[PDB]
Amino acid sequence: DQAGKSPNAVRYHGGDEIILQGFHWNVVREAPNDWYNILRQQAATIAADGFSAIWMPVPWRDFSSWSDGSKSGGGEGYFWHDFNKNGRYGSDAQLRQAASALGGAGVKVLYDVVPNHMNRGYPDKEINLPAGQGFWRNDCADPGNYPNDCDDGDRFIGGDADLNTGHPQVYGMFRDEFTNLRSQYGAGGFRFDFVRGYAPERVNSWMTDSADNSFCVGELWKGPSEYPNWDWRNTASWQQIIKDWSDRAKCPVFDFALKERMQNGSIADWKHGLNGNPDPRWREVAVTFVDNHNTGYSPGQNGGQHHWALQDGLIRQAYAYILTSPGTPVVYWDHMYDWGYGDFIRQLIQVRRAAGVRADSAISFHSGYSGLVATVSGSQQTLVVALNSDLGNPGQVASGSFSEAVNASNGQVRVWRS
């Protein structure tokens, strides 16, 4: 496991990671208080599957609850009230056991952190920041969903639970928890939630202070039309928006440019995500996924969230693409362990590792066939990927001797290696 910073100093940790999203949205409802036990027990399996890192749920206890019609939720970690680890995924002790087991198996532990807001109204909590001291967004005049003097980012819904993450004392509080997580809970890095809510620069700051050499990824989910008309972003591509965040936070960023193309374009348009970018300084910072806990489905109740779910007929092609191309791929717990895509994903992980494909590997797209046809220059091997294509043989688009590596869905998914 190679470990540096990118050439622009972005925290991609060698650019050779393969991450497992370690949970689905209904875990707290389906395996109440047992998730850490399940992970401790799966640790060897996950390591054997080829993951180099796992994205753990929010460790901070969440006893929240809500309902709007048929919809109900709460306790998943996104509306935490304390830094206490005895929440709905399991106890502090189980967490330590789980992180120990994962780390011992060679999988780095990445924790999901939610600095933007907290469950302010929760009666029994260890963290109580009063009003009028500038700890909250609403301590200032809050026009709308725009930075105010008490919060330099967007707000979460109403903005009444929004923290002034820039207050010396709030910054300090997060900083110390990050360090705690690294020193006692074996953190190998962090997944930053709702990065639209606070300054990118603060993420670099927190990283610099607590885990400068660790892995980090930020979730920036905000399309051009969400910015003000006078903002250069209102007219930028999804690629430029996410890239700009990454340049400032100095952390890889989730490839929402590829996600939007997966959802709105055709397979041929997949080449427009951040990871297909011809400049390696651009593609190397992409963190690709097919679905997450918000965008995809989840076992159990309401099918989970499914805000922007990829249709089952493109799941295999979607994974074939992310596992074989540039950027850093993330595999959804569910596709891997619930829905039976496991065997397929294992093959691809193996293909990616054999070819020596990395965050900055080169990718070329071939225009003359249907579907998506790409040439990936792995460090050990070259791969030809043809998805929903009429391509006949790898030699039509590349020079060299190719063997078939993957052939699934009646040829809708084909991968060859040199």
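Position 1 is the first residue in the sequence shown; the rest follow in order.
In this entry, 117-125 has the higher mean Cα B-factor, the comparison being between 327-335 and 117-125. Higher average CA B factor: 396-404, of the stretches 396-404 and 13-21. Annotation for 295, 145, 164, 264: 145 ranks highest, by Cα B-factor. Taking the PDB entry at face value, the top CA B factor among 317, 246, 275, 133 belongs to 133. Residue 157: CA B factor in the highest third of modelled residues in this chain (values from the PDB entry). Split the chain's modelled residues into thirds by C-alpha temperature factor. Residue 343 is in the middle one. Per-chain ranking of the deposited C-alpha B factor places residue 271 in the middle third. Among the modelled residues of its chain, residue 352 has a C-alpha B-factor that falls in the lowest third according to the deposited record. Ranked within its chain, residue 88 lands in the middle third, by CA B factor from the PDB record.
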